[PDB]
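**Q** What follows is a structure written as structure tokens; I'll ask about it next.
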Amino acid sequence: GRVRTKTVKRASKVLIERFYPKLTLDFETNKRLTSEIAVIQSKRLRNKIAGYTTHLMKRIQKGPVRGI
Amino acid sequence: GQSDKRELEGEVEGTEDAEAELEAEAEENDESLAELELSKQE
Amino acid sequence: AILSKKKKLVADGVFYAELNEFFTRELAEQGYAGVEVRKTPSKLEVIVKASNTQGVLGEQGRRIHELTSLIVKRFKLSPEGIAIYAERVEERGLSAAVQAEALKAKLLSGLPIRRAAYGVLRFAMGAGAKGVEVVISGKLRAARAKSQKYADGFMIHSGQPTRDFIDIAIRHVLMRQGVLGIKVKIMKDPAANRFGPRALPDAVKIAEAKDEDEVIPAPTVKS
Amino acid sequence: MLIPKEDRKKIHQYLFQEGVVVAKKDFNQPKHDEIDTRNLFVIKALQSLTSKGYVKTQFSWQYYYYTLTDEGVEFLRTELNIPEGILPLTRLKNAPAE
Amino acid sequence: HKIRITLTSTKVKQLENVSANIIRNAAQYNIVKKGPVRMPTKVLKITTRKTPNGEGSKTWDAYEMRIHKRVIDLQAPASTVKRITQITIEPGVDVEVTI
RNA sequence: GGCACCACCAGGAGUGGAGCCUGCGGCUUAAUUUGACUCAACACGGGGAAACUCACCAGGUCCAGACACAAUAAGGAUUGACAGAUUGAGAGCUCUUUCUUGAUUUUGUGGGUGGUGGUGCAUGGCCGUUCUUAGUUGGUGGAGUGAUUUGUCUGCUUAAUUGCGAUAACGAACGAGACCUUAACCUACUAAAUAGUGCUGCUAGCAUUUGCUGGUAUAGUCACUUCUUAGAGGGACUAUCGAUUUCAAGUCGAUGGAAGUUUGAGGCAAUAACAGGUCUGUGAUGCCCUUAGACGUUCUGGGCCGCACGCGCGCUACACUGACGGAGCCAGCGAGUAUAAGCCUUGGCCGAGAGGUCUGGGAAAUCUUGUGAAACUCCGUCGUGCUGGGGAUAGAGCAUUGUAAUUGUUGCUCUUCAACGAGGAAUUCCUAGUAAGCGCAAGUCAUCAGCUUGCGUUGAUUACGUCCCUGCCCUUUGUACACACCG
Ligand SMILES: [Mg+2]
Ligand SMILES: [Mg+2]
Ligand SMILES: [Mg+2]
Ligand SMILES: [Mg+2]
Ligand SMILES: [Mg+2]
Ligand SMILES: [Mg+2]
Ligand SMILES: [Mg+2]
Ligand SMILES: [Mg+2]
Ligand SMILES: [Mg+2]
Ligand SMILES: [Mg+2]
Ligand SMILES: [Mg+2]
Ligand SMILES: [Mg+2]
Ligand SMILES: [Mg+2]
Ligand SMILES: [Mg+2]
Ligand SMILES: [Mg+2]
Ligand SMILES: [Mg+2]
Ligand SMILES: [Mg+2]
Ligand SMILES: [Mg+2]
Ligand SMILES: [Mg+2]
Ligand SMILES: [Mg+2]
Ligand SMILES: [Mg+2]
Ligand SMILES: [Mg+2]
Ligand SMILES: [Mg+2]
Ligand SMILES: [Mg+2]
Ligand SMILES: [Mg+2]
Ligand SMILES: [Mg+2]
Ligand SMILES: [Mg+2]
Ligand SMILES: [Mg+2]
Ligand SMILES: [Mg+2]
Ligand SMILES: [Mg+2]
Ligand SMILES: [Mg+2]
Ligand SMILES: [Mg+2]
Ligand SMILES: [Mg+2]
Ligand SMILES: [Mg+2]
Ligand SMILES: [Mg+2]
Ligand SMILES: [Mg+2]
Ligand SMILES: [Mg+2]
């Protein structure tokens, strides 16, 4: 399965509560953005966090999401 | 220390050894050819 | 003689393994921590790290002099080709080798485990370790053998980071009733790591919001 | 042990004058490389000295590390009949290094 | 001369620092260089049984020893090349110079 | 309730049936050393034992019994010994025999020491297993007098206590995941005479059209990094779009993509636990036993292989989707030496072979080596026949290793050519470069691989589901158990 974990779900939604205007709907742009926002030790996790933040951002434009 | 004592004591007694030893050792840190005689047989 | 690249580097490792064990049995009473083999031109610098550098370089540095001669004579080294130095352990509380022998030296003195065990739990934390866990296994005035774990602070167990932030020391303790086996697992604080990673892989440090400034409609400040 | 008197001597002017001796644990080796006698003689000769507190014995990786105690130097002073003519070599006080 | 320097070690960062530092020192000094040449790394593999005894499921350890070898050719007199070796001494990497 | 090819379904390959290899039991034995007995004992102790190994058996040596004493002792305490006898032995082991050495040493006391001797039911360490299943824990808050409990859950989802969600809980930690190694991508960087290429010198063969195949080239003092190597990075996050879902976690399809099963595979791996196995790995160990006619150690010879029998891991096969006979001819993982005690070994020459010999290269991306491997493919012979399938058992002969091959170490030649005609009840492993074949390298190794650890070549059928069997996990429940049902 492709179930994201808690270290990525809570870390992804904290990005939204603090840096929503600078965020976007593009994974490539978000992945580059998160390299200067969070200190992530590994590249795969940076892409994983940015890939879930983009999914949440894409979902907020359809209405308010819970926990952010 | 399976007794009700010595884990109570063992705990408080364990800490006075180390706490005394970091400081004691931190004090330790503050002051930061014999065959010649047989050749004389010549 | 003529030795291959594969067979020389393994031999260099074997030389390290045998030399280090020589110091562990001989310098057990002086809190021997580890040995560093620094190759250099025309000399072979070896740095031994021990809690007590008085037991080694004692009585006019006789032991270190009488100890460097035993290595030239066993490895066929030129008398000038090796130089041995004795160095103090920087953080005695964070070195599990010193802590296990010291614990062994306390258990061997008849001291109770809790005063002795909590002496390494608090000494490790007092030095600033992120976590520490001690297992003592063996027989004590009873025919049946037992083991006890003493944890403290934060300890990680799985994956590569255990290879980076944890050092381990196993010591057999020779008692009149049997053998006591001690394992002293000390996790150093990754923040203090100075060459490899300085944090755990899943530690995410999100920056703070730099916003909430006041924007005025549209001037330009020249110079 | 049956050691010839002369061969026992050579073991003593090597364990004195470089007062440490290393001997591999092989009993049938003809010559311990640095003391021209049987290798077995070196192990057993110093086993007597370590039996009466004249040498420390350490064993690691099938090798013997014999070192002469300060208490043993005075005894060889009287058996080799040497005078207090200097230090062996490991007591010459070359001093450590910093 | 044409002098070849052969570099071997178990860990690559210190070997590569020495490799880059010598080329760097071979750069401000106007010395023509060839390298570094990366030899195929050698994986020294030893596969033992886990059990000291012979009981349990037959489980095996697989130990490894990476050996990396690089050779750099420098075209300079032997006196010049040798003093670079002592400037760039690193404990892990051993150096042999052959003409 | 849930999960799982060490469970099943749909299937594949099989095993169990034969011969033989090997391990175990049994029987035998002078000894046939021993540990292990469901999974988690039985090609396992890296255990492929001629000697050694070795612990077993029949015999024979040595002290390598330190050290404090006491005795003896220079008018010599004691050690080696030619020759004959003795012995398996050119062991002065011992006996006749007198030489030699010289306080090292001989006898008693204590004390040692060494044990593949006993005890894994005294232990350390290590390892296996529950289990790599998904489980474990505290802070604050709520409940209870308390031990405790909630958090840790009806439901959905995932490989997962992993997430959505519900919520007297809130917010967290270990484990899982992250992490690390490896395999697959990079005409984008960095270079490479130990990698490769185009041009160019010089050069060969064939048709002459200026072309097609080569050799040579460590001075052509060339160019380049696609293939090759490896360091710094990039790249995938299920990306985009459709469906379903509490519109949540997610799942399934497409498109793009090197990669969309956690991208494939592994490494590490929690809290405790088992009288699980190892004192036969250790100069790791406590205690017990032995310690000079040894249970120490060593030498010679035998045994661990012994054969009415039962069982397990396997290898060959029962043929034609095949055997031979020629011909074609492609990998990947690796290893490799000196005054040794002898490494990988091309090339030439002998030899039917096995193998021998003479030279040379390589401590290695350089040489062995493109390891020109085998299945495989082509052309023939064979023609359903225990037949040219199968190659046991055995006779005779030739070489190799080794001090030593007898109870054939192994290889080669001719002859002999057995069961076996696809295997009962049962039962094992397995979902993609996977299964199955097919070989090769490394380990053991003086010699021997039907064994393991890996690697590549050819390359599928069938699910992609379930709790019917089997095992495990969770909840509820009962308990007179808590040394916890081996109660
Ligand atoms: Mg973790
Ligand atoms: Mg993990
Ligand atoms: Mg260790
Ligand atoms: Mg479940
Ligand atoms: Mg469920
Ligand atoms: Mg379900
Ligand atoms: Mg199981
Ligand atoms: Mg089954
Ligand atoms: Mg079936
Ligand atoms: Mg078969
Ligand atoms: Mg039997
Ligand atoms: Mg038997
Ligand atoms: Mg024998
Ligand atoms: Mg024995
Ligand atoms: Mg047990
Ligand atoms: Mg499993
Ligand atoms: Mg509470
Ligand atoms: Mg609970
Ligand atoms: Mg849950
Ligand atoms: Mg390239
Ligand atoms: Mg484990
Ligand atoms: Mg069992
Ligand atoms: Mg053991
Ligand atoms: Mg056997
Ligand atoms: Mg098996
Ligand atoms: Mg054929
Ligand atoms: Mg190849
Ligand atoms: Mg026939
Ligand atoms: Mg045939
Ligand atoms: Mg052969
Ligand atoms: Mg082999
Ligand atoms: Mg085997
Ligand atoms: Mg399924
Ligand atoms: Mg399903
Ligand atoms: Mg069921
Ligand atoms: Mg009832
Ligand atoms: Mg009761």
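Within each chain, counting starts at residue 1; across the structure tokens, chains are named A, B, ... in the order shown, with ligands numbered 1 upward in that order.
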Any residue with an atom at most 10 Å from ligand 12 counts, using only C-alpha atoms (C1' of nucleotides) and all ligand atoms. Which are they? Put them as a PyMOL selection string.
**A** chain F and resi 24+32-34+303-306
**Q** Could you write those residues out with N, CA, C and O atoms (P, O5', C5', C4', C3', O3' and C1' of nucleotides), as a PDB file, in the first residue's frame?
**A**
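Saved as result.pdb:
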ATOM      1  P     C F  24      25.207 -38.731  11.295  1.00  0.00           P
ATOM      2  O5'   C F  24      23.707 -39.078  11.712  1.00  0.00           O
ATOM      3  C5'   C F  24      22.893 -38.114  12.364  1.00  0.00           C
ATOM      4  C4'   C F  24      21.495 -38.624  12.617  1.00  0.00           C
ATOM      5  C3'   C F  24      21.358 -39.996  13.246  1.00  0.00           C
ATOM      6  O3'   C F  24      21.649 -40.025  14.626  1.00  0.00           O
ATOM      7  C1'   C F  24      19.788 -39.776  11.506  1.00  0.00           C
ATOM      8  P     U F  32      31.576 -47.505  20.579  1.00  0.00           P
ATOM      9  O5'   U F  32      30.772 -46.907  19.345  1.00  0.00           O
ATOM     10  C5'   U F  32      30.795 -47.584  18.098  1.00  0.00           C
ATOM     11  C4'   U F  32      31.865 -47.014  17.205  1.00  0.00           C
ATOM     12  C3'   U F  32      31.374 -46.062  16.122  1.00  0.00           C
ATOM     13  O3'   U F  32      32.415 -45.115  15.865  1.00  0.00           O
ATOM     14  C1'   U F  32      32.423 -47.913  15.117  1.00  0.00           C
ATOM     15  P     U F  33      32.139 -43.542  16.053  1.00  0.00           P
ATOM     16  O5'   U F  33      31.948 -43.359  17.624  1.00  0.00           O
ATOM     17  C5'   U F  33      32.941 -43.800  18.531  1.00  0.00           C
ATOM     18  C4'   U F  33      33.220 -42.753  19.577  1.00  0.00           C
ATOM     19  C3'   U F  33      32.047 -41.862  19.959  1.00  0.00           C
ATOM     20  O3'   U F  33      31.145 -42.470  20.865  1.00  0.00           O
ATOM     21  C1'   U F  33      33.928 -40.515  19.565  1.00  0.00           C
ATOM     22  P     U F  34      29.562 -42.296  20.659  1.00  0.00           P
ATOM     23  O5'   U F  34      29.297 -40.732  20.845  1.00  0.00           O
ATOM     24  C5'   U F  34      29.605 -40.069  22.066  1.00  0.00           C
ATOM     25  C4'   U F  34      29.664 -38.571  21.876  1.00  0.00           C
ATOM     26  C3'   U F  34      28.356 -37.851  21.580  1.00  0.00           C
ATOM     27  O3'   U F  34      27.545 -37.640  22.728  1.00  0.00           O
ATOM     28  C1'   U F  34      30.036 -37.055  20.133  1.00  0.00           C
ATOM     29  P     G F 303      39.742 -48.874   9.439  1.00  0.00           P
ATOM     30  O5'   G F 303      38.928 -48.300  10.683  1.00  0.00           O
ATOM     31  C5'   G F 303      37.996 -49.106  11.386  1.00  0.00           C
ATOM     32  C4'   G F 303      37.189 -48.287  12.359  1.00  0.00           C
ATOM     33  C3'   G F 303      36.377 -47.166  11.738  1.00  0.00           C
ATOM     34  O3'   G F 303      35.139 -47.612  11.244  1.00  0.00           O
ATOM     35  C1'   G F 303      37.581 -46.325  13.584  1.00  0.00           C
ATOM     36  P     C F 304      34.509 -46.899   9.959  1.00  0.00           P
ATOM     37  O5'   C F 304      33.994 -45.495  10.517  1.00  0.00           O
ATOM     38  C5'   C F 304      33.065 -45.460  11.590  1.00  0.00           C
ATOM     39  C4'   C F 304      33.006 -44.124  12.298  1.00  0.00           C
ATOM     40  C3'   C F 304      32.561 -42.930  11.469  1.00  0.00           C
ATOM     41  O3'   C F 304      31.152 -42.878  11.359  1.00  0.00           O
ATOM     42  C1'   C F 304      34.392 -42.334  12.870  1.00  0.00           C
ATOM     43  P     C F 305      30.432 -42.178  10.106  1.00  0.00           P
ATOM     44  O5'   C F 305      30.985 -42.951   8.826  1.00  0.00           O
ATOM     45  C5'   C F 305      30.847 -44.364   8.740  1.00  0.00           C
ATOM     46  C4'   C F 305      30.792 -44.871   7.317  1.00  0.00           C
ATOM     47  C3'   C F 305      31.022 -46.375   7.163  1.00  0.00           C
ATOM     48  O3'   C F 305      30.211 -46.891   6.114  1.00  0.00           O
ATOM     49  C1'   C F 305      32.605 -45.200   5.861  1.00  0.00           C
ATOM     50  P     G F 306      28.905 -47.761   6.443  1.00  0.00           P
ATOM     51  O5'   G F 306      29.469 -49.145   7.006  1.00  0.00           O
ATOM     52  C5'   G F 306      30.531 -49.845   6.371  1.00  0.00           C
ATOM     53  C4'   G F 306      31.305 -50.658   7.384  1.00  0.00           C
ATOM     54  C3'   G F 306      30.579 -51.860   7.987  1.00  0.00           C
ATOM     55  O3'   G F 306      30.723 -53.029   7.195  1.00  0.00           O
ATOM     56  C1'   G F 306      31.567 -50.568   9.715  1.00  0.00           C
TER      57        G F 306
END
**Q** Extract, using only C-alpha atoms (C1' of nucleotides), all DNA, RNA and protein residues at most 12 Å from residue 55 in chain A, discarding same-chain residues fewer than 4 positions from it, and format them as a PyMOL selection string.
**A** (chain A and resi 4+9+12-13+16+23-27+30+48-51+59-62+65) or (chain F and resi 237-239)
**Q** Kindly provide, as JSON, numbers by chain, the residues of chain E having any atom no farther than 12 Å from an atom of chain C, counting only C-alpha atoms.
**A** {"E": [6, 7, 8, 9, 10, 11, 13, 14, 41, 42, 43, 44, 45, 46, 64, 65, 66, 67, 68, 69, 82, 83, 85, 86, 87, 88, 89, 90, 91, 92, 93, 94, 95, 96]}
**Q** Figure out the distance between CA of residue 172 in chain C and CA of residue 138 in chain C, please, to one decimal in Å.
**A**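 The value is 9.6 Å.
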**Q** Mind giving me the straight-line distance from CA of residue 60 in chain D to CA of residue 26 in chain D in Å, one decimal?
**A** 13.7 Å
**Q** What is the distance between CA of residue 190 in chain C and CA of residue 167 in chain C, in Å to one decimal?
**A**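 Calculated distance between CA of residue 190 in chain C and CA of residue 167 in chain C is 12.4 Å.
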**Q** Write out as a list in words each polymer residue (protein, DNA or RNA) that has an atom no more than 12 Å from ligand 35, with only C-alpha atoms (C1' of nucleotides) and all ligand atoms counted.
**A**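 Checked against 12 Å with only C-alpha atoms (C1' of nucleotides) and all ligand atoms; the hits are residues 1, 2, 3, 4, 7, 8, 466, 467, 468, 469, 470, 471 and 472 of chain F.
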**Q** Which chains and residue numbers are within 9 Å of ligand 23, counting only C-alpha atoms (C1' of nucleotides) and all ligand atoms, if I want them as a PyMOL selection string?
**A** (chain E and resi 52-53) or (chain F and resi 120+124-126+278-279+281-282+284)
**Q** Using N, CA and C atoms (P, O5', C5', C4', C3', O3' and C1' of nucleotides), can you export the residues from the last selection as a PDB file, in the first residue's frame?
**A**
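Output file again.pdb is given in full below:
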ATOM      1  N   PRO E  52      27.396 -20.039  16.538  1.00  0.00           N
ATOM      2  CA  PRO E  52      28.664 -20.639  16.990  1.00  0.00           C
ATOM      3  C   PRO E  52      28.593 -22.149  17.110  1.00  0.00           C
ATOM      4  N   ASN E  53      27.441 -22.675  17.512  1.00  0.00           N
ATOM      5  CA  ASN E  53      27.131 -24.098  17.507  1.00  0.00           C
ATOM      6  C   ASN E  53      26.461 -24.429  16.167  1.00  0.00           C
TER       7      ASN E  53
ATOM      8  P     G F 120      23.692 -30.771  31.074  1.00  0.00           P
ATOM      9  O5'   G F 120      23.313 -29.270  30.718  1.00  0.00           O
ATOM     10  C5'   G F 120      24.269 -28.384  30.155  1.00  0.00           C
ATOM     11  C4'   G F 120      23.720 -26.985  30.074  1.00  0.00           C
ATOM     12  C3'   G F 120      22.544 -26.794  29.116  1.00  0.00           C
ATOM     13  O3'   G F 120      21.623 -25.864  29.693  1.00  0.00           O
ATOM     14  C1'   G F 120      24.299 -25.324  28.545  1.00  0.00           C
ATOM     15  P     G F 124      24.073 -16.430  31.614  1.00  0.00           P
ATOM     16  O5'   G F 124      25.411 -15.717  31.145  1.00  0.00           O
ATOM     17  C5'   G F 124      25.919 -14.612  31.873  1.00  0.00           C
ATOM     18  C4'   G F 124      27.252 -14.160  31.340  1.00  0.00           C
ATOM     19  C3'   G F 124      27.237 -13.719  29.889  1.00  0.00           C
ATOM     20  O3'   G F 124      26.799 -12.383  29.753  1.00  0.00           O
ATOM     21  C1'   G F 124      29.077 -15.165  30.265  1.00  0.00           C
ATOM     22  P     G F 125      25.755 -11.991  28.602  1.00  0.00           P
ATOM     23  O5'   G F 125      26.569 -12.252  27.268  1.00  0.00           O
ATOM     24  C5'   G F 125      27.663 -11.426  26.926  1.00  0.00           C
ATOM     25  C4'   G F 125      28.465 -12.058  25.827  1.00  0.00           C
ATOM     26  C3'   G F 125      27.671 -12.388  24.579  1.00  0.00           C
ATOM     27  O3'   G F 125      27.547 -11.273  23.719  1.00  0.00           O
ATOM     28  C1'   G F 125      28.910 -14.283  25.232  1.00  0.00           C
ATOM     29  P     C F 126      26.180 -11.006  22.924  1.00  0.00           P
ATOM     30  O5'   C F 126      26.187 -12.136  21.801  1.00  0.00           O
ATOM     31  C5'   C F 126      27.303 -12.290  20.932  1.00  0.00           C
ATOM     32  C4'   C F 126      27.264 -13.624  20.231  1.00  0.00           C
ATOM     33  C3'   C F 126      25.956 -13.968  19.539  1.00  0.00           C
ATOM     34  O3'   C F 126      25.815 -13.329  18.281  1.00  0.00           O
ATOM     35  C1'   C F 126      26.707 -15.835  20.773  1.00  0.00           C
ATOM     36  P     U F 278      23.580 -28.748  23.558  1.00  0.00           P
ATOM     37  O5'   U F 278      24.677 -28.151  22.557  1.00  0.00           O
ATOM     38  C5'   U F 278      26.012 -27.965  23.000  1.00  0.00           C
ATOM     39  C4'   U F 278      26.708 -26.770  22.388  1.00  0.00           C
ATOM     40  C3'   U F 278      27.775 -26.157  23.280  1.00  0.00           C
ATOM     41  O3'   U F 278      28.987 -26.889  23.232  1.00  0.00           O
ATOM     42  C1'   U F 278      26.416 -24.446  22.353  1.00  0.00           C
ATOM     43  P     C F 279      29.372 -27.873  24.445  1.00  0.00           P
ATOM     44  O5'   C F 279      30.105 -27.010  25.567  1.00  0.00           O
ATOM     45  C5'   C F 279      31.131 -26.088  25.258  1.00  0.00           C
ATOM     46  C4'   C F 279      31.963 -25.791  26.481  1.00  0.00           C
ATOM     47  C3'   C F 279      32.466 -26.985  27.291  1.00  0.00           C
ATOM     48  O3'   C F 279      33.646 -27.542  26.726  1.00  0.00           O
ATOM     49  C1'   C F 279      31.622 -25.310  28.745  1.00  0.00           C
ATOM     50  P     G F 281      31.978 -25.838  20.202  1.00  0.00           P
ATOM     51  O5'   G F 281      33.070 -24.787  19.737  1.00  0.00           O
ATOM     52  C5'   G F 281      34.101 -25.198  18.849  1.00  0.00           C
ATOM     53  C4'   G F 281      35.220 -24.202  18.844  1.00  0.00           C
ATOM     54  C3'   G F 281      35.706 -23.859  20.236  1.00  0.00           C
ATOM     55  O3'   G F 281      36.622 -24.812  20.746  1.00  0.00           O
ATOM     56  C1'   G F 281      35.336 -21.871  19.025  1.00  0.00           C
ATOM     57  P     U F 282      37.230 -24.607  22.212  1.00  0.00           P
ATOM     58  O5'   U F 282      38.417 -23.573  21.999  1.00  0.00           O
ATOM     59  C5'   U F 282      39.055 -23.001  23.123  1.00  0.00           C
ATOM     60  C4'   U F 282      39.288 -21.529  22.920  1.00  0.00           C
ATOM     61  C3'   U F 282      39.351 -20.700  24.190  1.00  0.00           C
ATOM     62  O3'   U F 282      40.628 -20.702  24.791  1.00  0.00           O
ATOM     63  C1'   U F 282      37.911 -19.651  22.630  1.00  0.00           C
ATOM     64  P     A F 284      40.752 -16.386  26.272  1.00  0.00           P
ATOM     65  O5'   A F 284      39.778 -17.191  27.230  1.00  0.00           O
ATOM     66  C5'   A F 284      38.462 -17.500  26.816  1.00  0.00           C
ATOM     67  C4'   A F 284      37.487 -16.942  27.815  1.00  0.00           C
ATOM     68  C3'   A F 284      37.483 -17.616  29.178  1.00  0.00           C
ATOM     69  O3'   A F 284      38.521 -17.137  30.015  1.00  0.00           O
ATOM     70  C1'   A F 284      35.261 -17.299  28.409  1.00  0.00           C
TER      71        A F 284
END
**Q** Could you find all residues in range 8-63 of chain A that DSSP calls helix (DSSP H, G or I) from the backbone, and write them as a PyMOL selection string?
**A** chain A and resi 8-19+27-37+43-60
**Q** What residues have any atom no more than 9 Å from ligand 2 when counting only C-alpha atoms (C1' of nucleotides) and all ligand atoms, and can you list them as a ChimeraX atom specification?
**A** /C:158-159 /F:176-179,268-269
**Q** Hey, can you spit out that residue selection with N, CA, C and O atoms (P, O5', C5', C4', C3', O3' and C1' of nucleotides) as a PDB file, in the first residue's frame?
**A**
ATOM      1  N   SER C 158      16.604   0.446  15.962  1.00  0.00           N
ATOM      2  CA  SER C 158      16.651  -0.168  14.644  1.00  0.00           C
ATOM      3  C   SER C 158      17.203   0.788  13.594  1.00  0.00           C
ATOM      4  O   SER C 158      17.113   2.013  13.723  1.00  0.00           O
ATOM      5  N   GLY C 159      17.778   0.197  12.548  1.00  0.00           N
ATOM      6  CA  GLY C 159      18.280   0.919  11.397  1.00  0.00           C
ATOM      7  C   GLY C 159      19.719   1.373  11.545  1.00  0.00           C
ATOM      8  O   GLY C 159      20.406   1.116  12.538  1.00  0.00           O
TER       9      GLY C 159
ATOM     10  P     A F 176      11.716  -1.391  13.609  1.00  0.00           P
ATOM     11  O5'   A F 176      10.238  -1.290  13.046  1.00  0.00           O
ATOM     12  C5'   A F 176       9.534  -2.451  12.661  1.00  0.00           C
ATOM     13  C4'   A F 176       8.238  -2.080  12.002  1.00  0.00           C
ATOM     14  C3'   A F 176       8.408  -1.179  10.794  1.00  0.00           C
ATOM     15  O3'   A F 176       8.740  -1.917   9.633  1.00  0.00           O
ATOM     16  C1'   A F 176       6.744  -0.287  12.206  1.00  0.00           C
ATOM     17  P     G F 177       9.869  -1.369   8.632  1.00  0.00           P
ATOM     18  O5'   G F 177       9.375   0.103   8.303  1.00  0.00           O
ATOM     19  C5'   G F 177       8.192   0.305   7.546  1.00  0.00           C
ATOM     20  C4'   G F 177       7.840   1.765   7.476  1.00  0.00           C
ATOM     21  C3'   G F 177       8.973   2.637   6.990  1.00  0.00           C
ATOM     22  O3'   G F 177       9.094   2.590   5.583  1.00  0.00           O
ATOM     23  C1'   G F 177       8.040   3.596   8.928  1.00  0.00           C
ATOM     24  P     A F 178      10.474   3.019   4.897  1.00  0.00           P
ATOM     25  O5'   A F 178      10.442   4.595   5.054  1.00  0.00           O
ATOM     26  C5'   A F 178      11.637   5.332   4.986  1.00  0.00           C
ATOM     27  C4'   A F 178      11.649   6.460   5.978  1.00  0.00           C
ATOM     28  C3'   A F 178      13.038   6.970   6.288  1.00  0.00           C
ATOM     29  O3'   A F 178      13.518   7.850   5.280  1.00  0.00           O
ATOM     30  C1'   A F 178      11.880   6.600   8.312  1.00  0.00           C
ATOM     31  P     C F 179      14.603   7.338   4.202  1.00  0.00           P
ATOM     32  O5'   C F 179      15.823   6.836   5.089  1.00  0.00           O
ATOM     33  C5'   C F 179      16.481   7.715   5.985  1.00  0.00           C
ATOM     34  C4'   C F 179      17.412   6.962   6.895  1.00  0.00           C
ATOM     35  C3'   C F 179      18.456   6.143   6.165  1.00  0.00           C
ATOM     36  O3'   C F 179      19.551   6.922   5.737  1.00  0.00           O
ATOM     37  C1'   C F 179      17.481   4.829   7.872  1.00  0.00           C
ATOM     38  P     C F 268      20.814  -8.261  10.010  1.00  0.00           P
ATOM     39  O5'   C F 268      20.467  -6.970  10.876  1.00  0.00           O
ATOM     40  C5'   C F 268      21.490  -6.084  11.298  1.00  0.00           C
ATOM     41  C4'   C F 268      20.930  -4.756  11.734  1.00  0.00           C
ATOM     42  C3'   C F 268      19.841  -4.802  12.795  1.00  0.00           C
ATOM     43  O3'   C F 268      20.378  -4.903  14.102  1.00  0.00           O
ATOM     44  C1'   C F 268      19.187  -3.349  11.039  1.00  0.00           C
ATOM     45  P     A F 269      19.891  -6.068  15.092  1.00  0.00           P
ATOM     46  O5'   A F 269      18.383  -5.681  15.418  1.00  0.00           O
ATOM     47  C5'   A F 269      18.082  -4.414  15.978  1.00  0.00           C
ATOM     48  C4'   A F 269      16.632  -4.057  15.787  1.00  0.00           C
ATOM     49  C3'   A F 269      15.620  -5.029  16.367  1.00  0.00           C
ATOM     50  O3'   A F 269      15.404  -4.759  17.735  1.00  0.00           O
ATOM     51  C1'   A F 269      15.012  -4.466  14.149  1.00  0.00           C
TER      52        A F 269
END
**Q** Quick one: which residues from chain D are at most 12 Å off chain F, using only C-alpha atoms (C1' of nucleotides), as JSON, numbers by chain?
**A** {"D": [1, 2, 3, 4, 5, 6, 7, 8, 9, 25, 26, 27, 28, 39, 40, 41, 42, 43, 44, 45, 46, 47, 48, 49, 50, 51, 52, 53, 54, 57, 58, 59, 60, 61, 62, 63, 64]}
**Q** For C-alpha atoms, I'd like the residues from the last selection saved as a tab-separated table (two decimals), in the first residue's frame.
**A**
chain	number	residue	atom	x	y	z
D	1	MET	CA	62.75	-27.83	33.50
D	2	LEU	CA	66.15	-29.01	32.28
D	3	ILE	CA	67.77	-25.91	30.76
D	4	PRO	CA	71.53	-25.84	30.13
D	5	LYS	CA	73.17	-23.31	32.42
D	6	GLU	CA	74.53	-21.32	29.46
D	7	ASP	CA	71.22	-21.26	27.58
D	8	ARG	CA	69.42	-20.17	30.74
D	9	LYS	CA	71.93	-17.32	30.83
D	25	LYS	CA	53.10	-20.40	21.91
D	26	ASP	CA	54.74	-23.19	19.97
D	27	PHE	CA	56.66	-25.65	22.09
D	28	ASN	CA	58.57	-27.38	19.31
D	39	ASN	CA	61.56	-21.53	21.94
D	40	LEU	CA	60.12	-23.90	24.56
D	41	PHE	CA	62.95	-22.93	26.91
D	42	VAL	CA	61.90	-19.27	26.74
D	43	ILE	CA	58.30	-20.03	27.73
D	44	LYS	CA	59.26	-22.34	30.59
D	45	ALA	CA	62.25	-20.32	31.82
D	46	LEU	CA	60.12	-17.21	32.25
D	47	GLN	CA	57.25	-19.25	33.65
D	48	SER	CA	59.53	-19.88	36.66
D	49	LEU	CA	60.34	-16.16	36.97
D	50	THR	CA	56.64	-15.30	36.80
D	51	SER	CA	56.01	-18.02	39.41
D	52	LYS	CA	58.19	-16.14	41.92
D	53	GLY	CA	57.05	-12.65	41.03
D	54	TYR	CA	59.89	-11.60	38.77
D	57	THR	CA	52.94	-12.71	31.93
D	58	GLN	CA	50.23	-11.65	29.47
D	59	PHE	CA	48.67	-13.92	26.87
D	60	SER	CA	46.86	-12.64	23.78
D	61	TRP	CA	46.37	-14.24	20.36
D	62	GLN	CA	48.61	-17.25	21.12
D	63	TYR	CA	51.53	-15.01	22.08
D	64	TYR	CA	53.29	-14.45	25.41
**Q** Using DSSP on the backbone, list every residue of range 42-219 of chain C that comes out as strand (DSSP E or B), and give them as a count of residues only.
**A** 50
